[PDB]
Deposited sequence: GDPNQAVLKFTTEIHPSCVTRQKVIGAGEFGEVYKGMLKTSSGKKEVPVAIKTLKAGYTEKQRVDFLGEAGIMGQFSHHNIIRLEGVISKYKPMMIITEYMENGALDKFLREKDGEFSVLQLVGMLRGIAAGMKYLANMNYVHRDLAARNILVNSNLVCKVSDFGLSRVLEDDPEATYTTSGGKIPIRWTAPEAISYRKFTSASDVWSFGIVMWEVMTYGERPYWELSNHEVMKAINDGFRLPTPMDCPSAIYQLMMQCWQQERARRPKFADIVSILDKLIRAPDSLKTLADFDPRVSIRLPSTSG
């Protein structure tokens, strides 16, 4: 991994904070904007392994839809991981703050980028385990990149991941991963279907206020999230197939990328909408 000297790094603004380090926006020696994650002195061996392990995993990847690693500071303290800076932050928050501001075509293009990143990861034999809009970042070209890499650190550090009766983010997780700890690229496909629903709804919370146990029971009884408003039928047809109980029946990421690319290349295909089930009746004479 590229080792960066600390005199090349200027931390400008804290953008994320944790107990054991913070995430900063800063500049890297003209100088270029970067994001900087630190690990404070006193860290344990496991914290060091997890922290540098994230940088080790990201250094093995070179794709447009995967956050790019610039380098690390490991010879000085605090240790740091330096990556490209994504100017619009996390996708879930971004969509909630930009409700209704994009075209259907722009939304579908976000999903194609996420899918192409996930296709790369799956083909690299990397199972993400925590695919969700909160773990995708967005830049000033609207490009979405998969973020949040590691081993045990990924689900450990995610506040949405809860201890079940394994520590997992239930509303995003496929049934076999909940039931018996089977995390594969096909469980990431289920997650991706939830991310398709998050994007098309501008960041609605999956299953709204149902509790985690209620979500598991609904999924096991066969219920699935309803169509978003203004959602192309083909998009809904795709997210439903990501949510097949039988893992072998789900599309692979290659199928998902192929379908999305064909829809974008014939954008009239996105004008056919799935019916939306209204929850409110308004009657006027």
Exercise. What's missing from the model if you number the deposited sequence from 1?
Worked result: 1 to 10, 40 to 44, 181 to 182, 303 to 306
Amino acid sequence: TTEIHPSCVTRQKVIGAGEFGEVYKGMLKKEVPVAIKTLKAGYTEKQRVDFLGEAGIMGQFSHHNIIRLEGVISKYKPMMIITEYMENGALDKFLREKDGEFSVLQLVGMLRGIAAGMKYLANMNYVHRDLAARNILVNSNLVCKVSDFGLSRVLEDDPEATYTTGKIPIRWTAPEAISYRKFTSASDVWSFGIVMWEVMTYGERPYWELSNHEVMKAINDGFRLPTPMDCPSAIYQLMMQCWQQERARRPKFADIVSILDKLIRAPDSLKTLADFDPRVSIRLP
From here on, numbers count along this sequence of modelled residues.
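Whichever C-alpha set is largest while still superposing within 1.5 Å between the two forms counts as the rigid core.
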Problem set entry | Divergent stretch in 9 other deposited structures of this protein, 72 to 80 or 204 to 212 [C-alpha RMS, superposed by the core] | 72 to 80
Exercise. Rigid core superposed, root mean square over structures and residues, which stretch has C-alphas farther from this form in 9 other deposited structures of this protein, 141 to 149 or 170 to 178?
Worked result: 141 to 149
Exercise. Quick one: is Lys252 left out in at least a third of the other entries we compared?
Worked result: no
Exercise. Is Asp92 missing in a third or more of the other PDB entries that were compared?
Worked result: no
For this session: Can you let me know which of the two, 107 to 115 or 150 to 158, has the higher average C-alpha B-factor in the entry?
Result: 150 to 158
Exercise. Once you work out the mean C-alpha B-factor for both 72 to 80 and 140 to 148 from the entry, which is higher?
Worked result: 72 to 80
Exercise. Which one, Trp172, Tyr120, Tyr202, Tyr163, has the peak C-alpha temperature factor per the PDB entry?
Worked result: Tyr163
Exercise. Compared with the other modelled residues in the chain, in which third is the CA B-factor of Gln245?
Worked result: middle
Seminar exercise, completed: Of the three thirds of the chain ranked by Cα temperature factor, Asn65 occupies the lowest
Problem set entry | Where the record places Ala254 (Cα B-factor, split into thirds across the chain) | lowest
Exercise. Where does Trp197 sit by CA temperature factor within its chain: lowest, middle or highest third?
Worked result: lowest
For this session: Sort the modelled residues of this chain by their C-alpha B factor and say whether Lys167 lands in the lowest, middle or highest third.
Result: highest
